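Taking the form deposited in one PDB entry, here's one chain by itself in structure tokens.
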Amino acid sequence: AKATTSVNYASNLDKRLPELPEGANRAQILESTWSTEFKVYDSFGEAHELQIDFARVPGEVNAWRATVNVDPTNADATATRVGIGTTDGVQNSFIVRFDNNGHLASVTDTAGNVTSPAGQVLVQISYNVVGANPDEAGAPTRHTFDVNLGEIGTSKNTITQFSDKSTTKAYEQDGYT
């Protein structure tokens, strides 16, 4: 068994999606969110569900908040965290921003850590592997891997924000059982 080390995403987020309204109902939450899921693997051979939900940042054009959880039905226990270069001092969301052409521009985590202005965009992810024996100090054992959103400034194999149907999804990961 090989633990996942990278998950690659591509495809589009519809620039025209409505912002989530104040006191949204069930149908309104669904309408304002693009939800994605994909299977990753831990080092013990077990599969986990990686869920990333995207929604526009109210009040900032070309900006979306992505909320990430491994195993949504156990998300309190997995305590997923995401960051740029780290998963310490951070929550489980990031803001992805696009330029006026619809192309990826930056990702910023909840601590303010931000991608370089050019090149590939990697978001580090970690979560507790539940049931795994804790570590030396007793802390829960975690699995870390990257989410690769593509190359800044290009549409090929990269997440985009055009005025077109939402299609963003994970296309590949590298672990297996």
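Rigid core (definition): largest C-alpha set, two forms, superposition within 1.5 Å. All residue numbers are counted from 1 along the displayed sequence.
J.: Between 115-123 and 129-137, point out the one with the higher average CA B-factor as the PDB entry records it.
T.: In the deposited entry, the stretch with the higher C-alpha B-factor mean is 129-137.
J.: Comparing 22-30 with 141-149, which has the greater mean CA B-factor as deposited?
T.: Going by the record's values, the stretch with the higher mean is 22-30.
J.: Out of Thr36, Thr108, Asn69, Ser43, which shows the largest CA B-factor listed in the entry?
T.: Among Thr36, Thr108, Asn69, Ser43, the highest C-alpha B-factor in the entry belongs to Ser43.
J.: Just say lowest, middle or highest third for the CA B-factor of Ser11 relative to the other modelled residues in its chain.
T.: Ranked within chain, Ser11 CA B lands in the middle tercile.
J.: Pull the Cα B-factor of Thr158 out of the PDB entry and bin it into the chain's lowest, middle or highest third.
T.: Middle third - that is where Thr158 ends up once the chain's C-alpha B-factors are sorted.
J.: Splitting the chain's C-alpha B-factors into thirds, which one does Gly83 fall into?
T.: According to the entry, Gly83 has a C-alpha B-factor in the chain's lowest third.
The same protein also exists as the form deposited in another entry; that form is not shown, yet it is the one meant from here on.
J.: Core-aligned, between the shown form and the other one, one residue among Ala132, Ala47, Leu122, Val57 moves its CA by 2 Å or more. Tell me which.
T.: The only residue crossing the 2 Å threshold is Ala132.
J.: Is there a C-alpha shift of 2 Å or more at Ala24 between the shown form and the other one once the rigid core is superposed?
T.: It does shift by 2 Å or more.
J.: Would one find the Cα atoms of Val82 and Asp135 closer or farther in the other entry than in this form, where their distance changes by 3 Å or more?
T.: Result: farther.
J.: Do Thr78 and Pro134 move together or apart in the other entry, judged by C-alpha distance changing 3 Å or more?
T.: Relative to this form, farther apart in the other entry.
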